[PDB]
Amino acid sequence: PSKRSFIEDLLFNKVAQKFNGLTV
Amino acid sequence: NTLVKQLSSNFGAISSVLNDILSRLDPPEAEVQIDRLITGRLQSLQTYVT
Amino acid sequence: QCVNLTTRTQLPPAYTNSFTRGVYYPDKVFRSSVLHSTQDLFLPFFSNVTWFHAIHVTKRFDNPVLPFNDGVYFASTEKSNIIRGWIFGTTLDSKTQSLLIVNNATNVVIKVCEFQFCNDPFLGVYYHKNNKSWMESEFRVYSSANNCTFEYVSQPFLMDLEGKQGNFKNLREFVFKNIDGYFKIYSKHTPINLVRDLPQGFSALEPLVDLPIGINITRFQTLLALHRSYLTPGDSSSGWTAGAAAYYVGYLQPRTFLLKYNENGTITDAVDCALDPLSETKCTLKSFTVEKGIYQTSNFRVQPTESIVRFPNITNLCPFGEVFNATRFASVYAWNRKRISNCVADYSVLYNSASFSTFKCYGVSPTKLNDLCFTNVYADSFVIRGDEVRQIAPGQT
Amino acid sequence: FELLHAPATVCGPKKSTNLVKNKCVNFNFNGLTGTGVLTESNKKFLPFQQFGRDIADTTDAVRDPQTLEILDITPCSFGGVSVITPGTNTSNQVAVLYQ
Amino acid sequence: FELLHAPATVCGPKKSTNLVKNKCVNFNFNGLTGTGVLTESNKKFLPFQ
């Protein structure tokens with residue numbers, strides 16, 4: 001379903017706060 | 001995680017919760033304790049942004 | 001006390017909105033070519049105020065007692081001089097310092113005494129069949145004035161009032177504020193020319209004169225005038241004409257507008273900082289030109305409503321008879337420690353026996369005792385003299 | 001006397017109040033007054049403790065001194081407000097974005 | 001000598017000195033102490049400001 005390949009998907013496998021004022 | 005430890009520090013006061021100092025000290029006398037908490041956090045925010 | 005009227009047909013008034021009115025000079029400093037904000041009492045735009053009427057050639061004449069708040073915007077559209085003076089006080093019964101600023105046809109009586117008002121004070125004029133002027137005959141304002149604190153007499157001026165009907169001719173706006181001892185009065189005259197409704201123009205009000213007095217204003221009342229011609233009996237039953245005028249009553253709210261100062265130093269534009277998302281962007285960016293982009297303003301907070309308390313149910317009172325006011329205690333070096341727990345402790349019931357003379361709490365506020373819960377309350381009972389009480393302090397040798 | 005160092009047993013002459021859960025009102029447990037929603041709790045709790053602090057040193061769970069139940073603390077101040085406008089020279093329509 | 005709730009508006013006595021311009025000296029007009037050259041301006045203020 002994604003627009004990636006087998007090598008691109010392998011890179012992703014290797015790699016409460018907002019209550020105080022830490023928003024992302 | 002560094003900013004979390006700054007909220008728990010007293011910075012030379014009696015506690016670290018803003019709802020605890022006002023519940024035990026009157027506003028006209030607790031003004032010297034809140035200023036130490038604000039000044040202690042302004043240096044942490046200035047260092048964090050730096 | 002004065003007299004009253006008879007059979008007053010009080011029609012239900014309507015409601016009107018503001019049209020960029022209620023902006024004055026918050027300070028006495030000249031500013032030009034500068035855009036900033038100022039936190040002061042003003043009238044919010046597009047509000048909802050009560051629009052009173054007084055048209056009578058029926059019997060439209062209503063003047064209730066409205067409470068005085070911090071900043072009252074009063075704009076009267078007088079086309080024939082109907083609304084005269086105003087009163088300011090609390091109970092209005094010769095028991096407090098009341099303000100009486102009546103606009104008499106001869107002078108401007110500004111006295112701060114202890115006047116006695118009836119149920120509906122007003123003014124009464126007579127229309128002579130030979131004289132086409134509008135002179136004042138009846139005087140039903142007060143009855144006596146003993147204790148006074150201020151008196152002001154204006155210069156003698158000739159004023160025969162106005163008889164113009166149909167459309168409005170003059171606009172008189174007055175702002176009454178009670179700030180400590182200064183009573184600011186912002187009066188601004190604008191020769192309008194329209195049938196009815198509030199004008200959509202923008203203007204800045206100028207202060208008249210400050211009165212450094214100390215009075216307590218709680219409620220006010222707008223006093224008008226009644227016309228009595230030769231065709232009317234002139235009595236206080238049905239022989240009286242209310243007139244033809246309209247006044248707006250508004251209250252100032254702690255808002256913040258974006259004042260615009262041009263090369264002349266006058267206020268020509270005002271944008272609110274908290275009313276519409278589009279008007280808030282102009283005040284936040286300090287500019288009247290908003291670009292095409294994304295901006296960040298305030299966050300999202302929810303204010304609490306109720307407040308629950310979860311304390312353990314204790315149905316026992318601490319024995320304050322043996323701890324306070326007894327027969328004898330212990331020495332200063334051999335003091336005895338008594339454990340006080342499993343009982344309800346309170347300091348308000350310690351005045352029924354042995355009134356305290358030195359109550360100084362160290363490290364804790366004396367009024368915040370009942371707020372936080374007590375735990376392990378130890379008592380150090382010892383009898384000393386008066387020359388050793390000053391040495392008992394956390395940080396003395 | 002001590003302040004926030006042991007379970008309550010004395011306190012003051014203040015009365016009690018009916019527990020109102022699932023609301024973002026002001027609570028008061030053993031003198032500690034806070035603000036949050038008293039939601040349910042499905043975790044474990046030792047049968048000899050009172051308060052509960054997590055990694056951020058915040059008041060998480062607390063046992064009620066009357067009903068004897070574990071209720072979590074979660075403030076309702078969670079959200080952001082942002083306004084996006086195409087400019088005052090094009091149209092007067094705004095779009096309030098809720099983050 | 002009594003003080004009510006209204007601020008004090010009578011500050012007596014009150015003396016005065018001379019006037020000098022075109023010099024970078026010290027002056028004190030109204031209640032504000034300044035230091036500069038009293039150069040003539042071209043614009044006017046407001047009667048109540």
# chains A, B, ... in the order shown; residues from 1 in each chain; ligands from 1
$ interface_residues --of "chain C" --to "chain B" --cutoff "10 Å" --atoms "only C-alpha atoms" --output "number ranges by chain"
C: 363-372
$ write_last_selection --atoms "N, CA, C and O atoms" --output "PDB file, in the first residue's frame"
ATOM      1  N   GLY C 363       6.957  30.533  58.758  1.00  0.00           N
ATOM      2  CA  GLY C 363       7.012  29.509  57.739  1.00  0.00           C
ATOM      3  C   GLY C 363       5.676  29.118  57.146  1.00  0.00           C
ATOM      4  O   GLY C 363       5.647  28.319  56.201  1.00  0.00           O
ATOM      5  N   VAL C 364       4.570  29.648  57.668  1.00  0.00           N
ATOM      6  CA  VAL C 364       3.241  29.325  57.165  1.00  0.00           C
ATOM      7  C   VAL C 364       2.337  30.526  57.402  1.00  0.00           C
ATOM      8  O   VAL C 364       2.479  31.248  58.392  1.00  0.00           O
ATOM      9  N   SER C 365       1.414  30.749  56.471  1.00  0.00           N
ATOM     10  CA  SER C 365       0.493  31.867  56.598  1.00  0.00           C
ATOM     11  C   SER C 365      -0.535  31.577  57.691  1.00  0.00           C
ATOM     12  O   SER C 365      -1.017  30.446  57.809  1.00  0.00           O
ATOM     13  N   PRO C 366      -0.889  32.576  58.506  1.00  0.00           N
ATOM     14  CA  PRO C 366      -1.885  32.337  59.562  1.00  0.00           C
ATOM     15  C   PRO C 366      -3.291  32.117  59.034  1.00  0.00           C
ATOM     16  O   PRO C 366      -4.112  31.521  59.742  1.00  0.00           O
ATOM     17  N   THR C 367      -3.596  32.574  57.821  1.00  0.00           N
ATOM     18  CA  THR C 367      -4.916  32.389  57.234  1.00  0.00           C
ATOM     19  C   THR C 367      -5.025  31.122  56.397  1.00  0.00           C
ATOM     20  O   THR C 367      -6.143  30.722  56.052  1.00  0.00           O
ATOM     21  N   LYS C 368      -3.902  30.485  56.064  1.00  0.00           N
ATOM     22  CA  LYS C 368      -3.892  29.264  55.267  1.00  0.00           C
ATOM     23  C   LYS C 368      -3.740  28.014  56.127  1.00  0.00           C
ATOM     24  O   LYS C 368      -3.187  27.007  55.670  1.00  0.00           O
ATOM     25  N   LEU C 369      -4.221  28.057  57.370  1.00  0.00           N
ATOM     26  CA  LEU C 369      -4.114  26.900  58.252  1.00  0.00           C
ATOM     27  C   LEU C 369      -5.184  25.861  57.937  1.00  0.00           C
ATOM     28  O   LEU C 369      -4.883  24.669  57.803  1.00  0.00           O
ATOM     29  N   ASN C 370      -6.439  26.294  57.813  1.00  0.00           N
ATOM     30  CA  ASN C 370      -7.535  25.381  57.517  1.00  0.00           C
ATOM     31  C   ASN C 370      -7.535  24.896  56.074  1.00  0.00           C
ATOM     32  O   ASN C 370      -8.257  23.944  55.760  1.00  0.00           O
ATOM     33  N   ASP C 371      -6.750  25.520  55.192  1.00  0.00           N
ATOM     34  CA  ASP C 371      -6.713  25.088  53.799  1.00  0.00           C
ATOM     35  C   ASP C 371      -6.018  23.739  53.661  1.00  0.00           C
ATOM     36  O   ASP C 371      -6.610  22.771  53.170  1.00  0.00           O
ATOM     37  N   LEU C 372      -4.762  23.656  54.085  1.00  0.00           N
ATOM     38  CA  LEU C 372      -4.015  22.410  54.037  1.00  0.00           C
ATOM     39  C   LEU C 372      -4.310  21.562  55.268  1.00  0.00           C
ATOM     40  O   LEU C 372      -4.627  22.070  56.346  1.00  0.00           O
TER      41      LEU C 372
END
$ interface_residues --of "chain A" --to "chain B" --cutoff "12 Å" --atoms "only C-alpha atoms" --output "PyMOL selection string"
chain A and resi 16-22
$ write_last_selection --atoms "N, CA, C and O atoms" --output "mmCIF file, in the first residue's frame"
data_model
loop_
_atom_site.group_PDB
_atom_site.id
_atom_site.type_symbol
_atom_site.label_atom_id
_atom_site.label_comp_id
_atom_site.auth_asym_id
_atom_site.auth_seq_id
_atom_site.Cartn_x
_atom_site.Cartn_y
_atom_site.Cartn_z
ATOM 1 N N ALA A 16 1.608 12.726 27.092
ATOM 2 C CA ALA A 16 2.166 13.044 28.401
ATOM 3 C C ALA A 16 3.065 14.274 28.347
ATOM 4 O O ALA A 16 3.078 15.077 29.286
ATOM 5 N N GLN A 17 3.822 14.437 27.260
ATOM 6 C CA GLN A 17 4.713 15.587 27.151
ATOM 7 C C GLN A 17 3.947 16.873 26.870
ATOM 8 O O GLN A 17 4.395 17.957 27.260
ATOM 9 N N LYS A 18 2.798 16.776 26.202
ATOM 10 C CA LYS A 18 2.004 17.956 25.883
ATOM 11 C C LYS A 18 1.257 18.516 27.086
ATOM 12 O O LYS A 18 0.730 19.630 27.000
ATOM 13 N N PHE A 19 1.194 17.779 28.196
ATOM 14 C CA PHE A 19 0.522 18.276 29.391
ATOM 15 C C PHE A 19 1.308 19.371 30.098
ATOM 16 O O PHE A 19 0.731 20.088 30.923
ATOM 17 N N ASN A 20 2.600 19.517 29.802
ATOM 18 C CA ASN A 20 3.428 20.544 30.414
ATOM 19 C C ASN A 20 3.750 21.700 29.478
ATOM 20 O O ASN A 20 4.075 22.791 29.960
ATOM 21 N N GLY A 21 3.671 21.496 28.166
ATOM 22 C CA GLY A 21 3.966 22.550 27.218
ATOM 23 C C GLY A 21 4.954 22.130 26.150
ATOM 24 O O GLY A 21 5.592 22.976 25.517
ATOM 25 N N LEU A 22 5.089 20.825 25.941
ATOM 26 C CA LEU A 22 6.002 20.262 24.950
ATOM 27 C C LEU A 22 5.160 19.659 23.828
ATOM 28 O O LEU A 22 4.764 18.494 23.886
#
$ interface_residues --of "chain D" --to "chain B" --cutoff "7 Å" --atoms "only C-alpha atoms" --output "JSON, numbers by chain"
{"D": [33, 56, 57]}
$ select_by_dssp --residues "segment 133-235 of chain C" --states "strand (DSSP E or B)" --output "mmCIF file with N, CA and C atoms, in the first residue's frame"
data_model
loop_
_atom_site.group_PDB
_atom_site.id
_atom_site.type_symbol
_atom_site.label_atom_id
_atom_site.label_comp_id
_atom_site.auth_asym_id
_atom_site.auth_seq_id
_atom_site.Cartn_x
_atom_site.Cartn_y
_atom_site.Cartn_z
ATOM 1 N N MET C 135 -38.205 78.970 29.736
ATOM 2 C CA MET C 135 -37.687 79.284 31.058
ATOM 3 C C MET C 135 -38.095 78.209 32.057
ATOM 4 N N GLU C 136 -37.294 78.068 33.109
ATOM 5 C CA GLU C 136 -37.536 77.068 34.140
ATOM 6 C C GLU C 136 -38.340 77.681 35.280
ATOM 7 N N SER C 137 -39.411 76.997 35.678
ATOM 8 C CA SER C 137 -40.272 77.448 36.764
ATOM 9 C C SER C 137 -40.280 76.485 37.939
ATOM 10 N N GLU C 138 -40.632 75.223 37.710
ATOM 11 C CA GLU C 138 -40.658 74.238 38.778
ATOM 12 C C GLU C 138 -39.255 73.714 39.061
ATOM 13 N N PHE C 139 -39.003 73.402 40.334
ATOM 14 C CA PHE C 139 -37.708 72.882 40.779
ATOM 15 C C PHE C 139 -37.984 71.749 41.768
ATOM 16 N N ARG C 140 -38.107 70.531 41.242
ATOM 17 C CA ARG C 140 -38.360 69.362 42.074
ATOM 18 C C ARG C 140 -37.168 68.413 42.048
ATOM 19 N N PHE C 150 -18.275 69.638 48.608
ATOM 20 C CA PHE C 150 -17.759 70.331 47.437
ATOM 21 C C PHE C 150 -18.868 71.182 46.838
ATOM 22 N N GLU C 151 -18.488 72.336 46.290
ATOM 23 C CA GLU C 151 -19.444 73.249 45.678
ATOM 24 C C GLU C 151 -18.770 73.958 44.515
ATOM 25 N N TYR C 152 -19.451 73.995 43.371
ATOM 26 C CA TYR C 152 -18.925 74.635 42.173
ATOM 27 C C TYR C 152 -20.036 75.426 41.501
ATOM 28 N N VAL C 153 -19.759 76.692 41.198
ATOM 29 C CA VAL C 153 -20.707 77.581 40.538
ATOM 30 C C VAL C 153 -20.101 78.027 39.216
ATOM 31 N N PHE C 168 -32.752 64.888 14.732
ATOM 32 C CA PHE C 168 -31.758 65.264 15.724
ATOM 33 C C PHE C 168 -30.832 66.341 15.174
ATOM 34 N N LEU C 171 -25.536 66.172 19.398
ATOM 35 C CA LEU C 171 -25.205 64.921 20.069
ATOM 36 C C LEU C 171 -24.301 65.228 21.253
ATOM 37 N N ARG C 172 -24.721 64.809 22.443
ATOM 38 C CA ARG C 172 -23.969 65.028 23.672
ATOM 39 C C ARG C 172 -23.626 63.678 24.285
ATOM 40 N N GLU C 173 -22.333 63.382 24.375
ATOM 41 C CA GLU C 173 -21.842 62.131 24.935
ATOM 42 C C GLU C 173 -21.090 62.416 26.227
ATOM 43 N N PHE C 174 -21.350 61.607 27.253
ATOM 44 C CA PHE C 174 -20.709 61.768 28.550
ATOM 45 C C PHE C 174 -20.292 60.406 29.081
ATOM 46 N N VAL C 175 -19.063 60.328 29.584
ATOM 47 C CA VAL C 175 -18.510 59.104 30.154
ATOM 48 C C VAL C 175 -18.197 59.372 31.619
ATOM 49 N N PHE C 176 -18.852 58.632 32.508
ATOM 50 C CA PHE C 176 -18.679 58.783 33.947
ATOM 51 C C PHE C 176 -17.940 57.566 34.486
ATOM 52 N N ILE C 179 -12.682 56.278 39.479
ATOM 53 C CA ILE C 179 -11.354 55.711 39.686
ATOM 54 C C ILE C 179 -10.780 56.371 40.934
ATOM 55 N N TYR C 182 -10.577 60.327 41.532
ATOM 56 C CA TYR C 182 -10.735 61.093 40.304
ATOM 57 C C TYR C 182 -11.999 60.650 39.580
ATOM 58 N N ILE C 185 -14.755 62.999 33.456
ATOM 59 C CA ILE C 185 -15.946 63.324 32.679
ATOM 60 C C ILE C 185 -15.491 63.679 31.271
ATOM 61 N N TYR C 186 -15.812 62.821 30.305
ATOM 62 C CA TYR C 186 -15.445 63.028 28.908
ATOM 63 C C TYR C 186 -16.668 63.540 28.155
ATOM 64 N N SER C 187 -16.660 64.826 27.819
ATOM 65 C CA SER C 187 -17.752 65.463 27.096
ATOM 66 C C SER C 187 -17.282 65.841 25.699
ATOM 67 N N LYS C 188 -18.070 65.474 24.692
ATOM 68 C CA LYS C 188 -17.736 65.773 23.304
ATOM 69 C C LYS C 188 -19.020 66.088 22.554
ATOM 70 N N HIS C 189 -19.048 67.232 21.878
ATOM 71 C CA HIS C 189 -20.211 67.665 21.118
ATOM 72 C C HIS C 189 -19.994 67.403 19.634
ATOM 73 N N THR C 190 -21.018 66.858 18.982
ATOM 74 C CA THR C 190 -20.949 66.556 17.559
ATOM 75 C C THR C 190 -22.262 66.928 16.882
ATOM 76 N N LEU C 194 -29.473 63.545 11.441
ATOM 77 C CA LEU C 194 -30.157 62.329 11.030
ATOM 78 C C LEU C 194 -31.484 62.233 11.772
ATOM 79 N N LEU C 205 -13.515 61.393 22.341
ATOM 80 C CA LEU C 205 -14.072 62.256 23.373
ATOM 81 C C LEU C 205 -12.953 62.921 24.163
ATOM 82 N N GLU C 206 -13.184 64.177 24.554
ATOM 83 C CA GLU C 206 -12.206 64.939 25.311
ATOM 84 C C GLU C 206 -12.678 65.140 26.747
ATOM 85 N N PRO C 207 -11.772 65.074 27.721
ATOM 86 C CA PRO C 207 -12.181 65.266 29.115
ATOM 87 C C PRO C 207 -12.540 66.716 29.398
ATOM 88 N N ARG C 219 -25.618 53.424 42.544
ATOM 89 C CA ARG C 219 -26.682 53.513 41.556
ATOM 90 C C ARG C 219 -26.827 54.954 41.089
ATOM 91 N N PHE C 220 -27.306 55.115 39.859
ATOM 92 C CA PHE C 220 -27.515 56.425 39.261
ATOM 93 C C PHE C 220 -28.908 56.482 38.645
ATOM 94 N N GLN C 221 -29.291 57.681 38.211
ATOM 95 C CA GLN C 221 -30.596 57.898 37.598
ATOM 96 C C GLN C 221 -30.519 59.126 36.704
ATOM 97 N N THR C 222 -31.060 59.008 35.494
ATOM 98 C CA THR C 222 -31.057 60.102 34.531
ATOM 99 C C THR C 222 -32.317 60.939 34.717
ATOM 100 N N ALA C 225 -36.753 66.570 31.745
ATOM 101 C CA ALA C 225 -37.556 67.767 31.944
ATOM 102 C C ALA C 225 -38.928 67.562 31.320
ATOM 103 N N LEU C 226 -39.925 68.235 31.887
ATOM 104 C CA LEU C 226 -41.301 68.146 31.421
ATOM 105 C C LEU C 226 -41.786 69.518 30.975
ATOM 106 N N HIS C 227 -42.460 69.553 29.829
ATOM 107 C CA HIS C 227 -42.981 70.787 29.258
ATOM 108 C C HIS C 227 -44.438 70.964 29.667
ATOM 109 N N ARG C 228 -44.771 72.154 30.163
ATOM 110 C CA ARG C 228 -46.129 72.486 30.593
ATOM 111 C C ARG C 228 -46.535 73.786 29.905
#
$ select_by_dssp --residues "segment 1-47 of chain B" --states "helix (DSSP H, G or I)" --output "VMD selection string"
chain B and resid 2 to 8 18 to 24 31 to 47
$ closest_residue --among "C:325, C:296, C:266, C:193" --to "chain E" --atoms "only C-alpha atoms"
C:266
$ closest_residue --among "D:83, D:24, D:37, D:8" --to "residue 50 of chain D" --atoms "only C-alpha atoms"
D:8
$ interface_residues --of "chain C" --to "chain E" --cutoff "9 Å" --atoms "only C-alpha atoms" --output "number ranges by chain"
C: 27-30, 180-182, 206-207, 212-214, 264-265
$ write_last_selection --atoms "N, CA, C and O atoms" --output "JSON list (two decimals), in the first residue's frame"
[["chain", "number", "residue", "atom", "x", "y", "z"],
["C", 27, "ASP", "N", -4.76, 58.31, 28.20],
["C", 27, "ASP", "CA", -3.71, 59.05, 28.89],
["C", 27, "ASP", "C", -3.63, 60.46, 28.33],
["C", 27, "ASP", "O", -4.25, 60.79, 27.31],
["C", 28, "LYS", "N", -2.86, 61.31, 29.01],
["C", 28, "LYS", "CA", -2.66, 62.70, 28.62],
["C", 28, "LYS", "C", -1.30, 62.92, 27.99],
["C", 28, "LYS", "O", -0.67, 63.97, 28.19],
["C", 29, "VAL", "N", -0.81, 61.95, 27.22],
["C", 29, "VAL", "CA", 0.50, 62.02, 26.58],
["C", 29, "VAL", "C", 0.29, 62.06, 25.07],
["C", 29, "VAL", "O", -0.45, 61.25, 24.52],
["C", 30, "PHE", "N", 0.95, 63.01, 24.41],
["C", 30, "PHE", "CA", 0.84, 63.13, 22.97],
["C", 30, "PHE", "C", 1.63, 62.02, 22.28],
["C", 30, "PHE", "O", 2.83, 61.86, 22.52],
["C", 180, "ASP", "N", -10.79, 55.64, 42.05],
["C", 180, "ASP", "CA", -10.28, 56.12, 43.33],
["C", 180, "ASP", "C", -10.95, 57.43, 43.74],
["C", 180, "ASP", "O", -12.08, 57.42, 44.24],
["C", 181, "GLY", "N", -10.26, 58.55, 43.53],
["C", 181, "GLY", "CA", -10.80, 59.84, 43.90],
["C", 181, "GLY", "C", -11.03, 60.75, 42.71],
["C", 181, "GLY", "O", -11.62, 61.83, 42.84],
["C", 182, "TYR", "N", -10.58, 60.33, 41.53],
["C", 182, "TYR", "CA", -10.73, 61.09, 40.30],
["C", 182, "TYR", "C", -12.00, 60.65, 39.58],
["C", 182, "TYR", "O", -12.17, 59.46, 39.29],
["C", 206, "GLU", "N", -13.18, 64.18, 24.55],
["C", 206, "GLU", "CA", -12.21, 64.94, 25.31],
["C", 206, "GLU", "C", -12.68, 65.14, 26.75],
["C", 206, "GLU", "O", -13.87, 65.35, 26.98],
["C", 207, "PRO", "N", -11.77, 65.07, 27.72],
["C", 207, "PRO", "CA", -12.18, 65.27, 29.11],
["C", 207, "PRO", "C", -12.54, 66.72, 29.40],
["C", 207, "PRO", "O", -12.01, 67.65, 28.79],
["C", 212, "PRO", "N", -11.60, 65.94, 42.21],
["C", 212, "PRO", "CA", -10.93, 65.12, 43.23],
["C", 212, "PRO", "C", -11.74, 65.02, 44.52],
["C", 212, "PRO", "O", -11.43, 65.69, 45.51],
["C", 213, "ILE", "N", -12.77, 64.18, 44.51],
["C", 213, "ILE", "CA", -13.62, 63.97, 45.67],
["C", 213, "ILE", "C", -13.70, 62.48, 45.97],
["C", 213, "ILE", "O", -13.42, 61.63, 45.12],
["C", 214, "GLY", "N", -14.08, 62.17, 47.21],
["C", 214, "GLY", "CA", -14.20, 60.79, 47.64],
["C", 214, "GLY", "C", -15.61, 60.39, 48.01],
["C", 214, "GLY", "O", -16.00, 60.48, 49.18],
["C", 264, "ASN", "N", -1.54, 64.17, 13.24],
["C", 264, "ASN", "CA", -2.18, 65.18, 14.08],
["C", 264, "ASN", "C", -2.27, 64.77, 15.54],
["C", 264, "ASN", "O", -2.48, 65.63, 16.40],
["C", 265, "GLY", "N", -2.11, 63.48, 15.84],
["C", 265, "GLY", "CA", -2.17, 63.00, 17.21],
["C", 265, "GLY", "C", -3.54, 62.57, 17.68],
["C", 265, "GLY", "O", -3.69, 62.21, 18.85]]
$ closest_atom_pairs --of "chain C" --to "chain D" --cutoff "10 Å" --atoms "only C-alpha atoms" --output "JSON lines"
{"residue": "C:276", "atom": "CA", "partner": "D:94", "partner_atom": "CA", "distance": 9.4}
{"residue": "C:277", "atom": "CA", "partner": "D:83", "partner_atom": "CA", "distance": 6.8}
{"residue": "C:278", "atom": "CA", "partner": "D:94", "partner_atom": "CA", "distance": 6.6}
{"residue": "C:279", "atom": "CA", "partner": "D:88", "partner_atom": "CA", "distance": 9.7}
{"residue": "C:280", "atom": "CA", "partner": "D:83", "partner_atom": "CA", "distance": 9.6}
{"residue": "C:281", "atom": "CA", "partner": "D:83", "partner_atom": "CA", "distance": 8.5}
{"residue": "C:282", "atom": "CA", "partner": "D:88", "partner_atom": "CA", "distance": 9.2}
{"residue": "C:288", "atom": "CA", "partner": "D:88", "partner_atom": "CA", "distance": 8.4}
{"residue": "C:289", "atom": "CA", "partner": "D:88", "partner_atom": "CA", "distance": 6.6}
{"residue": "C:290", "atom": "CA", "partner": "D:87", "partner_atom": "CA", "distance": 5.1}
{"residue": "C:291", "atom": "CA", "partner": "D:87", "partner_atom": "CA", "distance": 5.0}
{"residue": "C:292", "atom": "CA", "partner": "D:86", "partner_atom": "CA", "distance": 4.5}
{"residue": "C:293", "atom": "CA", "partner": "D:86", "partner_atom": "CA", "distance": 6.4}
{"residue": "C:294", "atom": "CA", "partner": "D:84", "partner_atom": "CA", "distance": 5.0}
{"residue": "C:295", "atom": "CA", "partner": "D:84", "partner_atom": "CA", "distance": 6.4}
{"residue": "C:296", "atom": "CA", "partner": "D:82", "partner_atom": "CA", "distance": 5.2}
{"residue": "C:297", "atom": "CA", "partner": "D:82", "partner_atom": "CA", "distance": 5.9}
{"residue": "C:298", "atom": "CA", "partner": "D:81", "partner_atom": "CA", "distance": 6.1}
{"residue": "C:299", "atom": "CA", "partner": "D:80", "partner_atom": "CA", "distance": 4.6}
{"residue": "C:300", "atom": "CA", "partner": "D:80", "partner_atom": "CA", "distance": 4.9}
{"residue": "C:301", "atom": "CA", "partner": "D:77", "partner_atom": "CA", "distance": 5.0}
{"residue": "C:302", "atom": "CA", "partner": "D:77", "partner_atom": "CA", "distance": 5.9}
{"residue": "C:303", "atom": "CA", "partner": "D:24", "partner_atom": "CA", "distance": 8.3}
{"residue": "C:304", "atom": "CA", "partner": "D:25", "partner_atom": "CA", "distance": 4.9}
{"residue": "C:305", "atom": "CA", "partner": "D:25", "partner_atom": "CA", "distance": 5.7}
{"residue": "C:306", "atom": "CA", "partner": "D:25", "partner_atom": "CA", "distance": 5.4}
{"residue": "C:307", "atom": "CA", "partner": "D:26", "partner_atom": "CA", "distance": 4.5}
{"residue": "C:308", "atom": "CA", "partner": "D:27", "partner_atom": "CA", "distance": 5.2}
{"residue": "C:309", "atom": "CA", "partner": "D:28", "partner_atom": "CA", "distance": 4.9}
{"residue": "C:310", "atom": "CA", "partner": "D:29", "partner_atom": "CA", "distance": 5.4}
{"residue": "C:311", "atom": "CA", "partner": "D:16", "partner_atom": "CA", "distance": 6.0}
{"residue": "C:312", "atom": "CA", "partner": "D:65", "partner_atom": "CA", "distance": 5.8}
{"residue": "C:313", "atom": "CA", "partner": "D:16", "partner_atom": "CA", "distance": 7.5}
{"residue": "C:314", "atom": "CA", "partner": "D:10", "partner_atom": "CA", "distance": 7.6}
{"residue": "C:315", "atom": "CA", "partner": "D:13", "partner_atom": "CA", "distance": 9.8}
{"residue": "C:316", "atom": "CA", "partner": "D:10", "partner_atom": "CA", "distance": 9.6}
{"residue": "C:317", "atom": "CA", "partner": "D:13", "partner_atom": "CA", "distance": 9.4}
{"residue": "C:318", "atom": "CA", "partner": "D:10", "partner_atom": "CA", "distance": 9.5}
{"residue": "C:340", "atom": "CA", "partner": "D:10", "partner_atom": "CA", "distance": 8.6}
{"residue": "C:341", "atom": "CA", "partner": "D:10", "partner_atom": "CA", "distance": 5.9}
{"residue": "C:342", "atom": "CA", "partner": "D:9", "partner_atom": "CA", "distance": 5.6}
{"residue": "C:343", "atom": "CA", "partner": "D:10", "partner_atom": "CA", "distance": 5.7}
{"residue": "C:344", "atom": "CA", "partner": "D:10", "partner_atom": "CA", "distance": 5.7}
{"residue": "C:345", "atom": "CA", "partner": "D:12", "partner_atom": "CA", "distance": 5.6}
{"residue": "C:346", "atom": "CA", "partner": "D:12", "partner_atom": "CA", "distance": 6.1}
{"residue": "C:347", "atom": "CA", "partner": "D:12", "partner_atom": "CA", "distance": 9.3}
{"residue": "C:348", "atom": "CA", "partner": "D:13", "partner_atom": "CA", "distance": 10.0}
{"residue": "C:369", "atom": "CA", "partner": "D:12", "partner_atom": "CA", "distance": 7.9}
{"residue": "C:370", "atom": "CA", "partner": "D:12", "partner_atom": "CA", "distance": 5.1}
{"residue": "C:371", "atom": "CA", "partner": "D:31", "partner_atom": "CA", "distance": 7.1}
{"residue": "C:372", "atom": "CA", "partner": "D:31", "partner_atom": "CA", "distance": 4.6}
{"residue": "C:373", "atom": "CA", "partner": "D:11", "partner_atom": "CA", "distance": 3.7}
{"residue": "C:374", "atom": "CA", "partner": "D:11", "partner_atom": "CA", "distance": 4.4}
{"residue": "C:375", "atom": "CA", "partner": "D:2", "partner_atom": "CA", "distance": 5.7}
{"residue": "C:376", "atom": "CA", "partner": "D:1", "partner_atom": "CA", "distance": 5.3}
{"residue": "C:377", "atom": "CA", "partner": "D:1", "partner_atom": "CA", "distance": 4.4}
{"residue": "C:378", "atom": "CA", "partner": "D:1", "partner_atom": "CA", "distance": 6.3}
{"residue": "C:379", "atom": "CA", "partner": "D:1", "partner_atom": "CA", "distance": 9.0}
$ atom_distance --atom1 "atom CA of residue 208 of chain C" --atom2 "atom CA of residue 195 of chain C"
28.1 Å
$ atom_distance --atom1 "atom CA of residue 156 of chain C" --atom2 "atom CA of residue 169 of chain C"
24.7 Å
$ residues_around --residues "segment 62-69 of chain C" --least-positions-apart "2" --cutoff "9 Å" --atoms "only C-alpha atoms" --output "PyMOL selection string"
chain C and resi 8-11+52-54+60+71-72+88-90+120+177-178+217-224+251-252
